[PDB]
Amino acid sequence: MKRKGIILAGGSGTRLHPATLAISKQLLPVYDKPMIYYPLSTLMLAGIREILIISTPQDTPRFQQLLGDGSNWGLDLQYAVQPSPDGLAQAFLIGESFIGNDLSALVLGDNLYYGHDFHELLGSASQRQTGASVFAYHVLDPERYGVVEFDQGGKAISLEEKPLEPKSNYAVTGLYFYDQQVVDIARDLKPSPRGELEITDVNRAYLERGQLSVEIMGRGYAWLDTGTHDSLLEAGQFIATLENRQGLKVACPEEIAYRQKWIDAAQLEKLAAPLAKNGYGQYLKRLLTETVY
């Protein structure tokens, strides 16, 4: 079966104002590319080509202008809007008809991932055709997130959203795979005390049915924080260090498409043309002739 993707790139309220007064966070750069390139690249690494992008009513034209219909990158992009920030699960209501009868995967528009064999970690989540797969990652501040509690045997036994007193230091990352059950689970959700349709309520629905796979995302992966000005800066510094050391880019969608064999050498060459005078075009050109393992 096929899996479809959703990037939720909606409003972060006034939290980062005035930096985000003018445009939504996910259109701002992390180092050399718009933030949304990173979760888009994530979906593409998981082998997902049909992708729905959800943003504020103000910002859809801007994502649409940036990304197009995706055909240039061998993707099929569609767009939809979240009128108000009423919770992550709302992605599945807005995205209901896009999903139709397929498998799905939700990625948060402001989450960055890096690590060895990230392709396979996604692939093993993508392969599971029933139930939901999520990731748990050790963090210093688990109160900010969906917290997963494990028993002595390592089995996930509870989930709590932003608990006052967290049960472990393991947080559910912003990457979620679901089967055909998600839409129907989402539609039955009731708004939380914070007025939000909670993604953690969707994930707890699968947990009660014993259908939630919680895979550990090991300490050798970087799940980067874009929630504060400070953490945003750290993410830019982290990506810059990696790219300048290696002469290789992180989350370059044109490169990912090309390695997935969704575009051929001749298309990459055309994509390399408009940016030819800067480092990004120079990078895409160099990928035509170099072997990178």
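Each form is matched to the other, and the largest set of C-alpha atoms that superpose within 1.5 Å is called the rigid core. For every residue, the number given is its place in the sequence shown, counted from 1.
For 249 to 257 versus 220 to 228, the mean Cα distance to the shown form in 9 other deposited structures of this protein after rigid core alignment is larger for 220 to 228. After superposing on the rigid core, the larger RMS C-alpha deviation in 9 other deposited structures of this protein belongs to 188 to 196, the other candidate being whichever of 188 to 196 and 129 to 137 remains. When the two stretches 187 to 195 and 200 to 208 are set side by side, the higher mean Cα temperature factor goes to 187 to 195. Look at the C-alpha B-factors of 120 to 128 and of 215 to 223. On average they run higher in 120 to 128.
Of the candidates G87, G74, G115, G109, the PDB record gives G87 the highest C-alpha temperature factor. Within the selection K33, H229, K261, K249, the deposited Cα B-factor values reach their highest point at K261.
When the modelled residues of the chain are ordered by their C-alpha B factor, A266 lands in the highest third. Ranked against the other modelled residues of its chain, the C-alpha B-factor of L21 as given in the entry falls in the middle third.
Placement of the Cα temperature factor of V134 within the chain: lowest third of the modelled residues, per the deposited record.
In the deposited entry, the Cα temperature factor of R49 places it in the middle third of its chain's modelled residues. The deposited CA B-factor of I157 belongs to the highest third of values across its chain.
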